[PDB]
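Just one chain is shown here, as structure tokens, and it is the form solved without L-captopril (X8Z).
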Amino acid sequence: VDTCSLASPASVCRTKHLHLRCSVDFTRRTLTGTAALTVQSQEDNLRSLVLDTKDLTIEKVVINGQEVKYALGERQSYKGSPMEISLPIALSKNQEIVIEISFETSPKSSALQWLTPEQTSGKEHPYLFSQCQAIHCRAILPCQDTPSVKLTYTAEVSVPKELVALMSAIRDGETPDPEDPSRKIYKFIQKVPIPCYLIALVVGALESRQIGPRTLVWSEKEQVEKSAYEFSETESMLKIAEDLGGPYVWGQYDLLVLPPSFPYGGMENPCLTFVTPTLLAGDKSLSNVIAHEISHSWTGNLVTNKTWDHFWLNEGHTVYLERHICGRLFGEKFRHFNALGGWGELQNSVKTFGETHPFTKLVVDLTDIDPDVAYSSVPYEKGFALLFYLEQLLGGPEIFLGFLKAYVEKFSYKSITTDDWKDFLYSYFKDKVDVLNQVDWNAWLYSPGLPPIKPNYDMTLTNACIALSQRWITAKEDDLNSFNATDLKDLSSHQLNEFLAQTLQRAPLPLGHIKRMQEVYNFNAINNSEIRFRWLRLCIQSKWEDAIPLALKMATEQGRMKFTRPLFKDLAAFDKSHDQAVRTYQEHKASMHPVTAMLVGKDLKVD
């Protein structure tokens, strides 16, 4: 049971293919067109089926060339409204028909952000981008909006002729629009079956540059050069990923660098990974996000979670592969450093939610919970921790990577649950079952809080970060003079970030300490988004008023929720900035990404 979807389940009927024919109307902020769903009955005598929708206007539903009866049910909050369709002829098991639905989206579609020209780099053209994960596809088109169903797709998208459309699919040409010469039609094919949350569309003034044998980077013109350099490791990471996961099946691996309001670090849309421009640090230091998106091409896109309760399957294995890629590139000591950092992020998450909170469980129960509200680092880092623990238990990385590859092969093109994974783990490691039986599965999978066992981590690269953080925390006023820019001499950006993460865990620090830190380290000058985020959080939590404008600026000039949400929350918790934070949210809300707007509003208790 997919408790996030109102559609007929996969046991009743299954969408095999979507052909989408649509037009992007920037004047009305609507996508209008037809979704032709090829649906296969899984039941005898099937006479109706139900699809998910959210804020969609339905013109008509056509089957066999005639209009048929349908009904939209009452809205169920974030789940949208179920659409029941009356089939004109009862279907036998395995019979396939095509259902063509004429529809239009709402300007407030939670799947979409529509940007005015001033919100773009070039300032002349508007821009549209989608983000379907987890349950926002239903806000673009009527569908069985559950990852338990996998479908291929084709699309034809009409857009103003000065603009470019791209999708999570292979580009299949472009022509002028016969119905409107001011327009172009872009065509796309996705021949590998995918869950619908992987459907993606961008439309804007896009340019491309080739950066590897199977990768173009796409962005507005003013970000092309910087992005090509930032992501130049992409082909080397793809090759490593193929070694660990098996054949890359998707053809192209292109990158799209979004405008700053893109709500996540990356989204693994097949053939076209979407990324935040906050990755553009200038030195490739945030490239683990690319490694992560690349890894989803196996873990998530090939082997997929059956429902969102099992999201950790997607994220945990992906983080596990991510960290192996970075380990191969930069060394095993670096894989351990990143692993240990992740455990720190997990500590933060558990502390934030509370150690007994149900969202700190690995396998969650999303009944009546908006997946956007449950989203956190828990499935990423608790999932990774479980896999890293099992790696250590079962004899090391070489051995566990053998399992990972077998797992991907076994479940490729399928949707699976935690029990399917666990079952295969036991099958694969049958000669080590006594070891597996020592695992507290009930705790790891189903209990809240930190895991019952902490893995072993090499400390080599972490030691200097902890040592320096501890010097600062234990410093008294008469110690402040001893700090100097030479303290940072031998620290990488990764280590500077970890030093701040360690210190942030003990925040607040005395205001004089934080002022001295700026005096000697000049963290205000660092534009690396990860570093700047943690530094500004440390400043605001330590009540430094000078930091207020910097934090407000970062919170609003980009919209990656990882940064914008905690920055707004910290600004709201500081009495001196509370009123400004609320005001600033209120002023920006109408032009924010709709999901970001919703969550920041909840965080601020505004509305």
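Start at 1 with the first residue shown and count on from there.
The same protein also exists as the form solved in complex with L-captopril (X8Z); that form is not shown, yet it is the one meant from here on.
S.K.: Kindly check, after superposition on the C-alphas around the site, whether L-captopril (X8Z) taken in the deposited bound form would be blocked here (3 or more of its atoms within 2.4 Å of a backbone or C-beta atom) or open?
M.R.: Answer open: no ligand atom comes within 2.4 Å of backbone or C-beta.
S.K.: Pick from 510 to 518, 263 to 271, 119 to 127, 484 to 492: which stretch has a heavy atom within 4.5 Å of L-captopril (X8Z) in the deposited bound form?
M.R.: Contact-bearing stretch, as computed: 263 to 271.
S.K.: My question is simply whether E230 lines the interface with L-captopril (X8Z) in the deposited bound form - judged by any non-hydrogen atom within 4.5 Å.
M.R.: Heavy-atom contact with L-captopril (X8Z) at 4.5 Å: absent for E230.
S.K.: Any of the heavy atoms of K54 lying within 4.5 Å of L-captopril (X8Z) in the deposited bound form?
M.R.: No, no contact at 4.5 Å.
S.K.: Although the partner isn't part of this model, could you tell me whether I85 comes within 4.5 Å of L-captopril (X8Z) in the deposited bound form, counting any heavy atom of the residue?
M.R.: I85: no contact with L-captopril (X8Z) in the deposited bound form.
S.K.: Report whether the minimum heavy atom distance between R47 and L-captopril (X8Z) in the deposited bound form is within 4.5 Å.
M.R.: No, no contact at 4.5 Å.
S.K.: Work out which of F411, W250, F429, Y375 lies within 4.5 Å of L-captopril (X8Z) in the deposited bound form, going by heavy atoms.
M.R.: It is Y375.
S.K.: Among the candidate residues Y380, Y407, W114, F400, which is the single one with a non-hydrogen atom no more than 4.5 Å from L-captopril (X8Z) in the deposited bound form?
M.R.: It is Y380 that has a heavy atom within 4.5 Å of the partner.
S.K.: What residues, if any, in 183 to 211 have a non-hydrogen atom within 4.5 angstroms of L-captopril (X8Z) in the deposited bound form?
M.R.: Going through 183 to 211 in order - heavy atoms within 4.5 Å of L-captopril (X8Z) in the deposited bound form - there are no hits.
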